[PDB]
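The structure under discussion appears below in the form of structure tokens.
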Amino acid sequence: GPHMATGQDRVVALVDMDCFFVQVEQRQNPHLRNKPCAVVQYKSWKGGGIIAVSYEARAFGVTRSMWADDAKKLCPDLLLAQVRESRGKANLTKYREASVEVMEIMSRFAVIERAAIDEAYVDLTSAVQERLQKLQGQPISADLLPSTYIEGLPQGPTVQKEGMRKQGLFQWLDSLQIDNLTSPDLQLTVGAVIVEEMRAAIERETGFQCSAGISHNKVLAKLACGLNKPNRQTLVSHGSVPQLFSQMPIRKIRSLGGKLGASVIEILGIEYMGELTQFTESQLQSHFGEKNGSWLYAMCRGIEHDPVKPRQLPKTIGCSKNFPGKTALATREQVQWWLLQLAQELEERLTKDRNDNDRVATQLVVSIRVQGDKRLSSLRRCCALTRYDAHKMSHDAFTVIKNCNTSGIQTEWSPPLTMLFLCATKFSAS
DNA sequence: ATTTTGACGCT
Ligand SMILES: [Ca+2]
Ligand SMILES: [Mg+2]
Ligand SMILES: [Mg+2]
């Protein structure tokens with residue numbers, strides 16, 4: 001009752017660039033705009049692996065992870081842009097730099113947590129308070145929310161998508177109590193106004209469109225963001241949670257898409273997030289551990305406390321390459337040459353990072369996979385990263401991994417290596 | 001033969 005927390009203390013948004021690598025390539029090459037197109041890495045093996053797909057091409061069934069040759073079977077007019085290749089490997093610099101463009105714009109509005117190359121959480125609580133004080137009891141016009149969906153509306157006593165969107169927004173705004181500045185629904189609504197402004201600024205200043213979710217925590221904001229894509233934003237209120245979760249597969253909630261969510265489904269014999277409400281906190285802790293159990297107990301009620309962390313920059317800078325099938329590295333010279341390629345890309349990115357961001361990495365992590373091992377990484381070792389020098393870093397990585405070679409032959413490497421991975425970590429201010 | 005990333009939890 002009067003003491004039960006409701007998780008309505010913050011306004012949190014999640015902003016997600018639509019088909020991001022595709023938009024970067026479409027901005028650069030106008031011939032690709034408004035066409036079925038995809039971004040592909042490499043080209044020799046089956047036309048290359050697709051890593052991003054425009055919504056026009058998704059309509060044909062083209063997906064990420066698909067080989068371009070197969071996608072062309074679904075979509076014969078599919079246009080393709082290739083990721084740059086440098087030093088023998090795919091090089092993602094263009095997309096990292098485009099990401100910085102967008103994150104710097106978002107940071108003008110509020111504190112952001114970089115969640116991936118194309119998405120960030122936004123803590124809007126303070127910005128909403130200030131905007132509410134500026135408004136001075138003035139109602140919020142639908143014109144301030146031209147791309148916003150209110151999840152769960154319209155309801156109760158038009159057959160077009162935009163007409164439905166507007167009907168629901170009208171019902172929401174008609175019900176709103178705009179004179180209580182502490183009202184969580186009003187706070188979410190002002191948050192959505194700010195996110196419309198943020199998304200307009202991103203599009204004006206970069207050309208890139210994005211979607212967004214606005215709710216009271218990160219998990220609900222992330223879920224909301226996916227409800228109406230592309231180029232739209234969705235407000236998920238606390239009150240919408242019971243209906244939304246009542247048919248929501250557990251795997252759709254962030255962190256439950258893998259083994260833990262599978263165990264929740266199997267052990268409890270349920271399918272939907274809302275079904276979790278029927279268990280006590282102790283029951284859930286008994287099955288899934290103290291932390292996970294408490295988290296699930298709160299989350300199925302719409303409540304999550306994970307903070308938006310103030311972190312706009314990645315914590316690690318890494319470079320990796322797979323060597324599948326017959327290309328697995330089987331000689332020492334091969335291993336050393338590719339460690340050098342990876343180390344040279346790493347040195348370039350690290351020097352740029354030091355100049356831009358006033359920090360230096362202090363640890364070098366070396367990871368390899370051996371042929372036959374099902375795990376993505378077979379071995380991980382660390383060593384000191386004391387100089388931004390590619391020859392030193394590659395020599396050090398070889399030193400820490402050279403004892404993995406079973407081969408009694410000096411020149412040969414066995415078992416063959418199917419993956420090399422160098423990662424700079426443990427940054428310190430510089 | 002997806003590939004190339006990135007963050008965080010466990011012990
Ligand atoms: Ca995206
Ligand atoms: Mg995606
Ligand atoms: Mg994303």
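Here, A, B, ... name the chains of the structure tokens in the order displayed, residue numbers run from 1 inside each chain, and ligands are numbered from 1 in the same displayed order.
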Inset, instruction - For range 223-237 of chain A, please output as a ChimeraX atom specification all residues within 8 Å (counting only C-alpha atoms (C1' of nucleotides); exclusion window: fewer than 2 positions along the same chain). - result: /A:14-16,18,55,147-151,185,188-189,192,196,209-216,219-221,239-241,252-254
Legend entry - Site check for ligand 2: residues at most 9 Å away, only C-alpha atoms (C1' of nucleotides) and all ligand atoms, as number ranges by chain: A: 18-20, 51-53, 64
Using DSSP assignments from the backbone, pull out every residue in range 70-267 of chain A that falls under helix (DSSP H, G or I) and give it to me as a PDB file with C-alpha atoms, in the first residue's frame.
ATOM      1  CA  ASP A  70      21.413 -15.899 -49.788  1.00  0.00           C
ATOM      2  CA  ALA A  71      19.980 -12.452 -49.110  1.00  0.00           C
ATOM      3  CA  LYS A  72      20.176 -11.853 -52.872  1.00  0.00           C
ATOM      4  CA  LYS A  73      18.026 -14.945 -53.253  1.00  0.00           C
ATOM      5  CA  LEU A  74      15.373 -13.236 -51.120  1.00  0.00           C
ATOM      6  CA  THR A  93      36.360   3.101 -37.781  1.00  0.00           C
ATOM      7  CA  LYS A  94      33.718   4.849 -39.923  1.00  0.00           C
ATOM      8  CA  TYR A  95      30.891   3.584 -37.703  1.00  0.00           C
ATOM      9  CA  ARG A  96      32.735   4.315 -34.444  1.00  0.00           C
ATOM     10  CA  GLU A  97      33.234   7.916 -35.596  1.00  0.00           C
ATOM     11  CA  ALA A  98      29.582   8.249 -36.668  1.00  0.00           C
ATOM     12  CA  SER A  99      28.624   6.914 -33.240  1.00  0.00           C
ATOM     13  CA  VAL A 100      30.688   9.651 -31.590  1.00  0.00           C
ATOM     14  CA  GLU A 101      28.762  12.221 -33.666  1.00  0.00           C
ATOM     15  CA  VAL A 102      25.474  11.013 -32.249  1.00  0.00           C
ATOM     16  CA  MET A 103      26.648  10.484 -28.657  1.00  0.00           C
ATOM     17  CA  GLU A 104      28.076  14.032 -28.504  1.00  0.00           C
ATOM     18  CA  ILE A 105      24.734  15.436 -29.584  1.00  0.00           C
ATOM     19  CA  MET A 106      22.853  13.350 -27.013  1.00  0.00           C
ATOM     20  CA  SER A 107      25.252  14.495 -24.283  1.00  0.00           C
ATOM     21  CA  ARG A 108      24.101  18.118 -24.740  1.00  0.00           C
ATOM     22  CA  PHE A 109      20.708  17.152 -23.347  1.00  0.00           C
ATOM     23  CA  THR A 125      14.933  13.064 -14.444  1.00  0.00           C
ATOM     24  CA  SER A 126      16.666  16.415 -13.888  1.00  0.00           C
ATOM     25  CA  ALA A 127      15.969  17.760 -17.382  1.00  0.00           C
ATOM     26  CA  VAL A 128      12.292  16.877 -16.896  1.00  0.00           C
ATOM     27  CA  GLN A 129      12.123  18.708 -13.564  1.00  0.00           C
ATOM     28  CA  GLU A 130      13.573  21.842 -15.160  1.00  0.00           C
ATOM     29  CA  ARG A 131      11.255  21.673 -18.180  1.00  0.00           C
ATOM     30  CA  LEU A 132       8.252  21.242 -15.864  1.00  0.00           C
ATOM     31  CA  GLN A 133       9.281  24.383 -13.995  1.00  0.00           C
ATOM     32  CA  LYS A 134       9.633  26.232 -17.305  1.00  0.00           C
ATOM     33  CA  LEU A 135       6.173  25.131 -18.477  1.00  0.00           C
ATOM     34  CA  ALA A 142       0.083  16.712 -29.099  1.00  0.00           C
ATOM     35  CA  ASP A 143       2.147  18.843 -31.509  1.00  0.00           C
ATOM     36  CA  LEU A 144       5.073  18.459 -29.107  1.00  0.00           C
ATOM     37  CA  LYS A 161      -1.280   3.458 -38.329  1.00  0.00           C
ATOM     38  CA  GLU A 162      -0.812   7.204 -37.788  1.00  0.00           C
ATOM     39  CA  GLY A 163      -4.491   7.508 -36.884  1.00  0.00           C
ATOM     40  CA  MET A 164      -4.121   4.898 -34.151  1.00  0.00           C
ATOM     41  CA  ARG A 165      -0.963   6.605 -32.879  1.00  0.00           C
ATOM     42  CA  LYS A 166      -2.801   9.919 -32.634  1.00  0.00           C
ATOM     43  CA  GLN A 167      -5.907   8.402 -31.017  1.00  0.00           C
ATOM     44  CA  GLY A 168      -3.789   6.874 -28.272  1.00  0.00           C
ATOM     45  CA  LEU A 169      -1.763  10.047 -27.755  1.00  0.00           C
ATOM     46  CA  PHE A 170      -5.002  12.056 -27.533  1.00  0.00           C
ATOM     47  CA  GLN A 171      -6.452   9.712 -24.899  1.00  0.00           C
ATOM     48  CA  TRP A 172      -3.212   9.955 -22.913  1.00  0.00           C
ATOM     49  CA  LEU A 173      -2.979  13.744 -23.032  1.00  0.00           C
ATOM     50  CA  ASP A 174      -6.687  14.155 -22.316  1.00  0.00           C
ATOM     51  CA  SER A 175      -6.273  12.132 -19.129  1.00  0.00           C
ATOM     52  CA  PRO A 184       5.139  10.106 -12.762  1.00  0.00           C
ATOM     53  CA  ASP A 185       2.962   9.989 -15.909  1.00  0.00           C
ATOM     54  CA  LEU A 186       3.452  13.722 -16.468  1.00  0.00           C
ATOM     55  CA  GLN A 187       7.190  13.309 -15.881  1.00  0.00           C
ATOM     56  CA  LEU A 188       7.339  10.545 -18.501  1.00  0.00           C
ATOM     57  CA  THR A 189       5.385  12.759 -20.902  1.00  0.00           C
ATOM     58  CA  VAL A 190       7.809  15.660 -20.535  1.00  0.00           C
ATOM     59  CA  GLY A 191      10.626  13.151 -20.936  1.00  0.00           C
ATOM     60  CA  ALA A 192       9.085  12.137 -24.253  1.00  0.00           C
ATOM     61  CA  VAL A 193       8.920  15.800 -25.304  1.00  0.00           C
ATOM     62  CA  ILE A 194      12.644  16.148 -24.588  1.00  0.00           C
ATOM     63  CA  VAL A 195      13.389  12.927 -26.487  1.00  0.00           C
ATOM     64  CA  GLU A 196      11.494  14.250 -29.515  1.00  0.00           C
ATOM     65  CA  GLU A 197      13.757  17.304 -29.349  1.00  0.00           C
ATOM     66  CA  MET A 198      16.872  15.125 -28.956  1.00  0.00           C
ATOM     67  CA  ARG A 199      15.896  12.936 -31.916  1.00  0.00           C
ATOM     68  CA  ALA A 200      15.184  16.009 -34.055  1.00  0.00           C
ATOM     69  CA  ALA A 201      18.622  17.406 -33.195  1.00  0.00           C
ATOM     70  CA  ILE A 202      20.305  14.107 -34.063  1.00  0.00           C
ATOM     71  CA  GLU A 203      18.549  13.962 -37.428  1.00  0.00           C
ATOM     72  CA  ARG A 204      19.173  17.643 -38.247  1.00  0.00           C
ATOM     73  CA  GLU A 205      22.853  17.557 -37.315  1.00  0.00           C
ATOM     74  CA  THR A 206      23.807  14.086 -38.632  1.00  0.00           C
ATOM     75  CA  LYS A 218      16.521   1.036 -18.393  1.00  0.00           C
ATOM     76  CA  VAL A 219      14.844  -2.333 -18.975  1.00  0.00           C
ATOM     77  CA  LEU A 220      11.441  -0.819 -19.734  1.00  0.00           C
ATOM     78  CA  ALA A 221      12.991   1.951 -21.848  1.00  0.00           C
ATOM     79  CA  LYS A 222      14.889  -0.634 -23.920  1.00  0.00           C
ATOM     80  CA  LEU A 223      11.729  -2.718 -24.333  1.00  0.00           C
ATOM     81  CA  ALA A 224       9.648   0.361 -25.233  1.00  0.00           C
ATOM     82  CA  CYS A 225      12.176   1.397 -27.874  1.00  0.00           C
ATOM     83  CA  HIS A 238       4.112   2.174 -15.024  1.00  0.00           C
ATOM     84  CA  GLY A 239       0.389   1.563 -15.489  1.00  0.00           C
ATOM     85  CA  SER A 240       0.906  -0.089 -18.882  1.00  0.00           C
ATOM     86  CA  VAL A 241       3.123  -2.803 -17.386  1.00  0.00           C
ATOM     87  CA  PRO A 242       0.524  -5.431 -16.291  1.00  0.00           C
ATOM     88  CA  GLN A 243      -1.079  -5.661 -19.732  1.00  0.00           C
ATOM     89  CA  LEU A 244       2.219  -5.309 -21.596  1.00  0.00           C
ATOM     90  CA  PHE A 245       3.864  -8.058 -19.572  1.00  0.00           C
ATOM     91  CA  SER A 246       0.844 -10.361 -19.628  1.00  0.00           C
ATOM     92  CA  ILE A 250      10.336 -13.710 -21.044  1.00  0.00           C
ATOM     93  CA  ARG A 251      13.180 -13.732 -23.582  1.00  0.00           C
ATOM     94  CA  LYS A 252      12.251 -10.220 -24.756  1.00  0.00           C
ATOM     95  CA  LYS A 259      20.325 -19.312 -20.599  1.00  0.00           C
ATOM     96  CA  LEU A 260      18.867 -17.650 -17.497  1.00  0.00           C
ATOM     97  CA  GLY A 261      15.595 -16.809 -19.240  1.00  0.00           C
ATOM     98  CA  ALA A 262      15.452 -20.353 -20.553  1.00  0.00           C
ATOM     99  CA  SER A 263      15.884 -21.645 -17.009  1.00  0.00           C
ATOM    100  CA  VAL A 264      13.154 -19.298 -15.751  1.00  0.00           C
ATOM    101  CA  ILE A 265      10.787 -20.710 -18.387  1.00  0.00           C
ATOM    102  CA  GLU A 266      11.758 -24.342 -17.759  1.00  0.00           C
ATOM    103  CA  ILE A 267      11.950 -24.362 -13.957  1.00  0.00           C
TER     104      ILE A 267
END
Inset, instruction - Compute the set of chain A residues within 7 Å of chain B, using only C-alpha atoms (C1' of nucleotides), and express it as number ranges by chain. - result: A: 49, 65, 116, 320, 324
May I have the residues from that selection written out with N, CA and C atoms, as a PDB file, in the first residue's frame?
ATOM      1  N   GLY A  49      29.248 -11.585 -45.192  1.00  0.00           N
ATOM      2  CA  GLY A  49      28.276 -11.736 -44.127  1.00  0.00           C
ATOM      3  C   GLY A  49      27.590 -10.411 -43.872  1.00  0.00           C
ATOM      4  N   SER A  65      23.403 -11.689 -40.140  1.00  0.00           N
ATOM      5  CA  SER A  65      24.021 -13.020 -40.084  1.00  0.00           C
ATOM      6  C   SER A  65      23.836 -13.804 -41.377  1.00  0.00           C
ATOM      7  N   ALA A 116      25.894   0.629 -26.592  1.00  0.00           N
ATOM      8  CA  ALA A 116      26.535  -0.041 -27.712  1.00  0.00           C
ATOM      9  C   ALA A 116      26.869   1.030 -28.734  1.00  0.00           C
ATOM     10  N   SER A 320      39.887  -8.099 -33.214  1.00  0.00           N
ATOM     11  CA  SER A 320      39.871  -9.551 -33.284  1.00  0.00           C
ATOM     12  C   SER A 320      39.665  -9.992 -34.721  1.00  0.00           C
ATOM     13  N   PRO A 324      38.422 -19.161 -39.858  1.00  0.00           N
ATOM     14  CA  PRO A 324      37.566 -20.348 -39.883  1.00  0.00           C
ATOM     15  C   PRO A 324      38.104 -21.425 -40.812  1.00  0.00           C
TER      16      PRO A 324
END
Find the residues near ligand 3. Use a cut-off of 8 Å, count only C-alpha atoms (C1' of nucleotides) and all ligand atoms, and write them as a compact mmCIF listing (two decimals) with N, CA, C and O atoms, in the first residue's frame.
# COMPACT_ATOMS: atom_id res chain seq x y z
N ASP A 16 18.11 4.40 -29.87
CA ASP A 16 18.67 3.34 -30.71
C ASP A 16 18.67 3.81 -32.16
O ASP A 16 17.60 4.03 -32.74
N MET A 17 19.85 3.96 -32.77
CA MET A 17 19.88 4.39 -34.16
C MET A 17 19.26 3.31 -35.03
O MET A 17 19.51 2.12 -34.84
N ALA A 115 25.61 2.33 -24.47
CA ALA A 115 25.26 0.93 -24.28
C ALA A 115 25.79 0.06 -25.40
O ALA A 115 26.08 -1.12 -25.18
N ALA A 116 25.89 0.63 -26.59
CA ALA A 116 26.54 -0.04 -27.71
C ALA A 116 26.87 1.03 -28.73
O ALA A 116 26.51 2.20 -28.57
N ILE A 117 27.51 0.61 -29.83
CA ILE A 117 27.94 1.57 -30.84
C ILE A 117 26.78 2.45 -31.31
O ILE A 117 26.98 3.60 -31.71
N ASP A 118 25.56 1.95 -31.22
CA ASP A 118 24.45 2.73 -31.76
C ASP A 118 23.34 2.96 -30.75
O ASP A 118 22.24 3.40 -31.14
N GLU A 119 23.60 2.74 -29.46
CA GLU A 119 22.53 3.03 -28.52
C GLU A 119 23.08 3.54 -27.20
O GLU A 119 24.19 3.17 -26.77
